[PDB]
Amino acid sequence: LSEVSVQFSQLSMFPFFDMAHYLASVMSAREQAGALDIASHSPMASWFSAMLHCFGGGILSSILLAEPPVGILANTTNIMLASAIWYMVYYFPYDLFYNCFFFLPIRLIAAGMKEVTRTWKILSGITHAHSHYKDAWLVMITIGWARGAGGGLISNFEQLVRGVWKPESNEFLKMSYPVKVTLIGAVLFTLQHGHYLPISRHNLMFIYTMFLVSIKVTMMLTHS
Amino acid sequence: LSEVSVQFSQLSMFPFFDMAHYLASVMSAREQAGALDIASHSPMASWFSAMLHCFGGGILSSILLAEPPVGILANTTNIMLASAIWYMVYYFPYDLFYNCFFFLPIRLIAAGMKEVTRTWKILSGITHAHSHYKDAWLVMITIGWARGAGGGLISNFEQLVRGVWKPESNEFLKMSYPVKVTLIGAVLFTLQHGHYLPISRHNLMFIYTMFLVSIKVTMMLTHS
Amino acid sequence: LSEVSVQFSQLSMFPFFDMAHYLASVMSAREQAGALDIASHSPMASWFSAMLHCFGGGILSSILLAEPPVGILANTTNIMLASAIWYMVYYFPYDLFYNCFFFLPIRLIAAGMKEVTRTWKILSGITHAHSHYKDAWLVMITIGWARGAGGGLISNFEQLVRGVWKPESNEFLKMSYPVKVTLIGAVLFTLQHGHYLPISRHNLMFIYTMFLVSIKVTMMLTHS
Ligand SMILES: [Ca+2]
């Protein structure tokens, strides 16, 4: 019944789906070591730390294609979409905002939909690197990877923002889950647009997002 | 008597005013921790440290708009304008160069005119970000800010040049004076070019530069 | 007998000469402090460290001219040319690969030809910066320098890749041999393309490469 896979490709990420990535990347960023003291005494700095968690995929991919990293900032509807979350995640009265989304079913859905945004971002840069470079197999793996887990690759430099400098914790030295997966994804869909992979996009686009959500949902059910 | 405000807009920064910024940014850079030993044993490195103090506004703004940061270097009349100061500030015979400009009235005027150069640099990137992005409210605040206090934002990476690595001294964590002001300025003039601010440019362009000079002049009169 | 200098300009670097730079930059990179443990437990990270040794000249020069640093990556015939060496240098069975090229005559020739690749890379960016900026004397010295010893200038950030953070070991603070030479070379050939230097390119292009090889050959004969 492939007729159900076609209805998935018709999902618009701008309203509902862009914020799940913004929230799961901001909730996670706060749960990091000492990130709470940062926001209480330096509001300016915890904010930019959140933006690298959300728009680092766009930020890093812009640095790689010689595109202005301020370009991600121009989308004021997208920037303002992420910063409103950052305020309530931290500065909500009685912290009712974080207490609600931390709830396990809610937190499960919030993180599950960030994995959805991860897929189009791979295909974003894969086709976007296609624009600058037609059939460059590498360049498409990179810019697809750079948008999938950008917040985890600038993480070493994102740590340096909140004040933490751990020069021993690189991403190539030990590949984390959200990154070693986007590497796998950026390679698969590069074989899709390159037609080296025997499955349609809309069927591959749908099967990759499912393995990615079934893990993080299993991850958070066995982490709590 | 607004007729006196119009005569101010007709000020050319290329002869007299470009060097005041170059000098106040190089004099300050030398007065930094251990910057003297750097120039005595590594002339190459104290120089590039001075250039980030002077052209960091241009350097950082180039990195943000995907413009080649070597572009600030092409202006050989401007680069050579700043490096001649760096030699005499450090390597002048009997150090008569620094002893003279350190004099309080002279140092007051030298720093007062760097604040003048700060204003057009804000309007520089505000209109320059307008070129790439028409009515982007954010992008204009950024590239105006990046030219106003560029030497203070690459400062964490500029420290790493002279050898000092202080990963706890970021600019978003504690906003310094020259930076929290340029942020205020980059926002005001972004409301000017965007016509959200009820005052003409040439009247706002003149009133912002005065509050900025009356402070640093009060700063240096109460610091000595 | 200048007729022998003309036959040198007709040397194609793509087959034989591109790999000598790739090997001497990868062999040297492994001989660095703790680089062996990196490759045994983190294959991903020792690789990218090797690429900055080989394509750092292209990588850094791309960052300076606002050119996409992924552009060096698109040349799959060149990227794959360097990565095959990185595998055998490290992961060859019985390490017969490294034991052979470490042999002094072989190591002498391998390093001698990397110095050849150093010359066209200078003239590469000198004429390539000419494209973006006609008679910019500085910009041509830079982009010629950035391709000659790129792996040594991103070295501080390349160290940060393998895990080592030594903020006191900058290149402007103490100019190494491969760098203070490429600075000398990037200046000479900038006077060549600018016609401020009384010698033809093909005669200067040949005399610079000889002084560079006679040193490193004398260096490695007196180092062992
Ligand atoms: Ca560009």
# chains A, B, ... in the order shown; residues from 1 in each chain; ligands from 1
>>> interface_residues(of="chain C", to="chain B", cutoff="9 Å", atoms="only C-alpha atoms", output="PDB file with C-alpha atoms, in the first residue's frame")
ATOM      1  CA  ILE C  63      37.944  30.851   3.204  1.00  0.00           C
ATOM      2  CA  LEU C  64      39.905  34.008   2.346  1.00  0.00           C
ATOM      3  CA  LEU C  65      38.405  34.649  -1.120  1.00  0.00           C
ATOM      4  CA  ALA C  66      34.799  33.930  -0.001  1.00  0.00           C
ATOM      5  CA  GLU C  67      34.938  30.722  -2.065  1.00  0.00           C
ATOM      6  CA  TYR C 133      41.360  41.662  -7.652  1.00  0.00           C
ATOM      7  CA  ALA C 136      46.062  44.110  -5.498  1.00  0.00           C
ATOM      8  CA  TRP C 137      49.625  43.561  -4.291  1.00  0.00           C
ATOM      9  CA  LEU C 138      48.580  42.287  -0.857  1.00  0.00           C
ATOM     10  CA  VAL C 139      45.707  39.988  -1.871  1.00  0.00           C
ATOM     11  CA  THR C 142      48.022  36.224   0.741  1.00  0.00           C
ATOM     12  CA  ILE C 143      46.218  33.751  -1.521  1.00  0.00           C
ATOM     13  CA  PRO C 167      46.940  28.122  22.369  1.00  0.00           C
ATOM     14  CA  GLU C 168      50.571  29.197  22.776  1.00  0.00           C
ATOM     15  CA  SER C 169      51.829  27.657  19.504  1.00  0.00           C
ATOM     16  CA  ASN C 170      50.717  30.100  16.833  1.00  0.00           C
ATOM     17  CA  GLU C 171      52.405  30.558  13.468  1.00  0.00           C
ATOM     18  CA  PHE C 172      52.772  34.351  13.586  1.00  0.00           C
ATOM     19  CA  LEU C 173      54.474  34.032  16.983  1.00  0.00           C
ATOM     20  CA  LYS C 174      57.238  31.772  15.618  1.00  0.00           C
ATOM     21  CA  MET C 175      57.399  31.359  11.844  1.00  0.00           C
TER      22      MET C 175
END
>>> residues_around(residues="residue 181 in chain A", least_positions_apart="3", cutoff="12 Å", atoms="only C-alpha atoms", output="PyMOL selection string")
chain A and resi 115+118-119+122+144-145+148-149+152+175-178+184-188+208-209+211-213+215-216
>>> write_last_selection(atoms="N, CA, C and O atoms", output="compact mmCIF listing (two decimals), in the first residue's frame")
# COMPACT_ATOMS: atom_id res chain seq x y z
N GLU A 115 13.03 14.74 14.50
CA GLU A 115 13.62 13.77 13.59
C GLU A 115 12.97 13.85 12.21
O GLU A 115 13.61 13.51 11.20
N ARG A 118 14.59 16.56 10.36
CA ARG A 118 15.94 16.16 10.01
C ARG A 118 16.03 15.63 8.58
O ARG A 118 17.08 15.74 7.94
N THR A 119 14.93 15.09 8.06
CA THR A 119 14.96 14.42 6.76
C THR A 119 14.95 15.42 5.60
O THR A 119 15.77 15.33 4.68
N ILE A 122 18.22 17.20 5.21
CA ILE A 122 19.18 16.42 4.43
C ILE A 122 18.93 16.63 2.94
O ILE A 122 19.82 17.03 2.19
N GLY A 144 24.01 17.99 2.91
CA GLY A 144 22.89 17.28 3.50
C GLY A 144 23.16 16.93 4.95
O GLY A 144 22.28 17.07 5.81
N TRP A 145 24.39 16.50 5.25
CA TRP A 145 24.79 16.23 6.62
C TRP A 145 24.83 17.50 7.46
O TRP A 145 24.44 17.49 8.63
N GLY A 148 21.42 18.38 8.73
CA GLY A 148 20.77 17.38 9.56
C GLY A 148 21.18 17.46 11.01
O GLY A 148 20.33 17.38 11.91
N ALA A 149 22.47 17.62 11.26
CA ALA A 149 23.02 17.73 12.61
C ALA A 149 24.03 18.87 12.68
O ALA A 149 25.18 18.70 13.10
N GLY A 152 25.17 19.84 16.23
CA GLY A 152 26.10 18.91 16.85
C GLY A 152 27.51 19.01 16.32
O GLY A 152 28.44 18.50 16.95
N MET A 175 31.60 9.61 17.25
CA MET A 175 30.38 10.01 16.56
C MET A 175 29.17 9.77 17.46
O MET A 175 28.90 8.64 17.85
N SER A 176 28.44 10.84 17.77
CA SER A 176 27.23 10.72 18.56
C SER A 176 26.11 10.11 17.73
O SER A 176 26.23 9.91 16.51
N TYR A 177 24.99 9.81 18.39
CA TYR A 177 23.85 9.23 17.68
C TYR A 177 23.26 10.18 16.65
O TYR A 177 23.19 9.82 15.46
N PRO A 178 22.81 11.40 17.01
CA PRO A 178 22.19 12.27 16.00
C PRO A 178 23.10 12.59 14.82
O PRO A 178 22.61 13.03 13.78
N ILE A 184 24.76 8.68 7.97
CA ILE A 184 24.14 7.57 7.25
C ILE A 184 23.03 8.08 6.34
O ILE A 184 22.91 7.66 5.18
N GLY A 185 22.22 9.01 6.84
CA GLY A 185 21.15 9.56 6.03
C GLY A 185 21.65 10.39 4.86
O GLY A 185 21.17 10.26 3.74
N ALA A 186 22.63 11.27 5.12
CA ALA A 186 23.17 12.10 4.05
C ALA A 186 23.80 11.26 2.94
O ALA A 186 23.84 11.69 1.78
N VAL A 187 24.27 10.06 3.27
CA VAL A 187 24.82 9.16 2.25
C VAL A 187 23.70 8.47 1.48
O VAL A 187 23.75 8.37 0.25
N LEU A 188 22.68 7.98 2.18
CA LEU A 188 21.59 7.26 1.51
C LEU A 188 20.87 8.16 0.51
O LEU A 188 20.75 7.82 -0.67
N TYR A 208 13.33 6.38 5.91
CA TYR A 208 14.44 6.86 6.73
C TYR A 208 13.94 7.56 7.98
O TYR A 208 14.50 7.38 9.07
N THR A 209 12.87 8.35 7.85
CA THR A 209 12.32 9.08 8.99
C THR A 209 11.71 8.15 10.03
O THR A 209 11.61 8.53 11.20
N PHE A 211 12.80 4.83 10.88
CA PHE A 211 13.87 4.24 11.67
C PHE A 211 14.46 5.25 12.65
O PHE A 211 14.88 4.88 13.75
N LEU A 212 14.47 6.53 12.27
CA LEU A 212 15.04 7.58 13.09
C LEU A 212 14.15 7.91 14.29
O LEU A 212 14.65 8.25 15.37
N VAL A 213 12.83 7.83 14.11
CA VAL A 213 11.90 8.14 15.20
C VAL A 213 11.73 6.94 16.13
O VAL A 213 11.61 7.11 17.35
N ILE A 215 13.90 4.89 17.02
CA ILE A 215 15.05 4.82 17.91
C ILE A 215 14.91 5.83 19.04
O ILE A 215 14.90 5.47 20.22
N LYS A 216 14.81 7.12 18.70
CA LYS A 216 14.76 8.15 19.73
C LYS A 216 13.56 7.95 20.65
O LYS A 216 13.62 8.31 21.83
>>> residues_around(residues="residue 154 in chain A", least_positions_apart="2", cutoff="8 Å", atoms="only C-alpha atoms", output="list in words")
residues 52, 56, 60, 150, 151, 152, 156, 157 and 158 of chain A
>>> atom_distance(atom1="CA of residue 83 in chain A", atom2="CA of residue 31 in chain A")
17.1 Å
>>> closest_residue(among="B:27, B:54, B:104, B:19", to="residue 81 in chain B", atoms="only C-alpha atoms")
B:19
>>> select_by_dssp(residues="range 123-212 of chain B", states="alpha helix (DSSP H)", output="PyMOL selection string")
chain B and resi 123-132+137-148+150-153+155-162+177-193+201-212
>>> closest_residue(among="A:13, A:20, A:183, A:210", to="residue 108 in chain A", atoms="only C-alpha atoms")
A:20
>>> residues_around(residues="residue 192 in chain C", least_positions_apart="6", cutoff="9 Å", atoms="only C-alpha atoms", output="NGL selection string")
:C and (198-201 or 204)
>>> write_last_selection(atoms="C-alpha atoms", output="compact mmCIF listing (two decimals), in the first residue's frame")
# COMPACT_ATOMS: atom_id res chain seq x y z
CA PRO C 198 63.63 41.40 -13.01
CA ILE C 199 63.33 37.76 -14.10
CA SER C 200 60.80 35.86 -16.22
CA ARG C 201 58.24 33.64 -14.51
CA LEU C 204 61.86 32.51 -11.42
>>> residues_around(residues="range 7-11 of chain C", least_positions_apart="6", cutoff="9 Å", atoms="only C-alpha atoms", output="ChimeraX atom specification")
/C:17,202-203,205-206
>>> atom_distance(atom1="CA of residue 153 in chain A", atom2="CA of residue 57 in chain A")
8.6 Å
>>> closest_residue(among="A:132, A:53, A:6, A:24", to="ligand 1", atoms="only C-alpha atoms and all ligand atoms")
A:132
>>> atom_distance(atom1="CA of residue 29 in chain A", atom2="CA of residue 87 in chain A")
12.9 Å
